[PDB]
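Only one chain is given next, in structure tokens, and it is the form deposited in one PDB entry.
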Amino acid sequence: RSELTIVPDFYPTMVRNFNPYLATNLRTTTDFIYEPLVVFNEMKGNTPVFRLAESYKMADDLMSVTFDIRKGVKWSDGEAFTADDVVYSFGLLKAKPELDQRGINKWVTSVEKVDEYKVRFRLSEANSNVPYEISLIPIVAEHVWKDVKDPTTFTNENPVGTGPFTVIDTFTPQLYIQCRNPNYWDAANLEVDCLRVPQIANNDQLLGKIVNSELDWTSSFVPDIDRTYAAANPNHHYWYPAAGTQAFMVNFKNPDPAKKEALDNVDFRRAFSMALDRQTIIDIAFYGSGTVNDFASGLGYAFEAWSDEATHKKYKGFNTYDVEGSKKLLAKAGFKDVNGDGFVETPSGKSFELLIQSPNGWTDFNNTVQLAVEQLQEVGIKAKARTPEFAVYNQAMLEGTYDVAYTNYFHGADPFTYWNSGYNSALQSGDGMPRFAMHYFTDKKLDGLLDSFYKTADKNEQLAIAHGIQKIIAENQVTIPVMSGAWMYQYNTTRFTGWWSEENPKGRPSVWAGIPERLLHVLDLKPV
């Protein structure tokens, strides 16, 4: 019996709740107990990997999509998994919207049974991203939940699932073990017999247990990891691939004529970007946990699959640490120190200072701004750090009164979330809008491409649209991308091999609930 010790989440004690539809539950329910129809491998162009369903096909009008259920799949209790399960699950969520955590009801008007192994989702809007959203919704057993009078308080203590681990072998306040689904449709590929889940309340307890080498799969913050964890045992490894993008946003409509002259100048934005030392920002402010983002468009290495490598190379130098190239571009653009103070004045000769914002209390971001100031000072740009409370920092962007601001962004399964929220001109106005697109740069074509990204299910067409967005953003150096966050993930080779890593980058390696790829990952694990 091979047991794999995982820590998808911390708890003060173990409470037996495997209801996939409750916010508060055990983090080994989704994916392990209830297998999705499809798991999209986001790190790899968001390519779908077929599991419970064999295939899906959207209508050319993109108002509906059908899935073909794989035949022969059984619930850990022996019962057959069919379209009836899919139809029931979505109906349950449609009728009791609080069970719908992801808000899928927004997209799916109804789910109908085409036949025992084929289901059709009817949509309320043309959107080729719906199959991806559908994949994230857990499917339960109709023959079981139909008799569950209270799905909102039901704790599902003796789960009947389609996933690889459905048997609750041990359950105590300090530990629970979830073992192999005896009717698992893909048992041949499952070599791990059980999931050993130890109770760990916080980072302190985890650190102690992880350095002692008693864990296999974790996704927790580990301080001074190379010294504390890596050096303790040669079987101690970790891989932190790229995540969400972080950057400095410049205000194109700065109300100060002099500052605008600088910010609303593509060459100055490029100089500003070449002065930054990205790798140092990651190593110092983020303790080495992050990835350099030298994409002028901000695409980032989490989506290199979507990148037009030619557009990347062409502007990559404007997003690489280059002190003398910076001083030179500024010189060529007319930004000269006519005052004699060591700081560049605008080309029309006006003096200026740039206030760089970061929310009060966000230490890593605050330190990043401080480093940016030092670095900008080396090229003649006069900047000063400021740390207003988030509300003000946020209001200043929505009101367009700020100069420069460091910020992170939401990170989707593909580049859309970043590009749309960060650059769609329609998001720069209206009441209740976030700060993400508040740089005030506008381009009718760019918006056109963003709004068409999901209006085609033709991948290559969509891919072309991606390249189109990338070129517009990169050539205008709209913002100054700095880095990509890190996906936390540590693995131990003492008991298993096959782990994903920089050398074997099959996908997002984290063990957290919310990372569907963890199912495919556990399936690549082989005991030692």
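Numbering starts at 1 and runs along the sequence shown. Only residues modelled in both forms are compared. Take the two forms, superpose them, and find the largest set of C-alpha atoms that agree within 1.5 Å; that set is the rigid core.
Below: the form deposited in another entry, not depicted.
Q: Could you tell me whether the Cα atom of residue 478 shifts by at least 2 Å between the shown form and the other one after core superposition?
A: After core superposition, the C-alpha of residue 478 moves 2 Å or more between the shown form and the other one.
Q: Does residue 272 show a Cα shift reaching 2 Å between the shown form and the other one after rigid-core superposition?
A: Yes.
Q: Over in the other structure, so in the other form, do residue 224 and residue 385 pull closer or drift farther apart at the C-alpha level? The difference is 3 angstroms or more.
A: Closer is correct, given that in the other form the C-alpha spacing of residue 224 to residue 385 is reduced by at least 3 Å.
Q: Flagged pair residue 364/residue 225: C-alpha distance shifts by 3 angstroms or more in the other form. Which direction, closer or farther?
A: Compared with the shown chain, residue 364-residue 225 is closer in the other form.
Q: Where exactly does the backbone move between the shown form and the other one? Looking for runs of 3+ consecutive residues, each with a CA shift of 2 angstroms or more after core alignment.
A: Shifted segments: 245-286, 290-453, 455-484.
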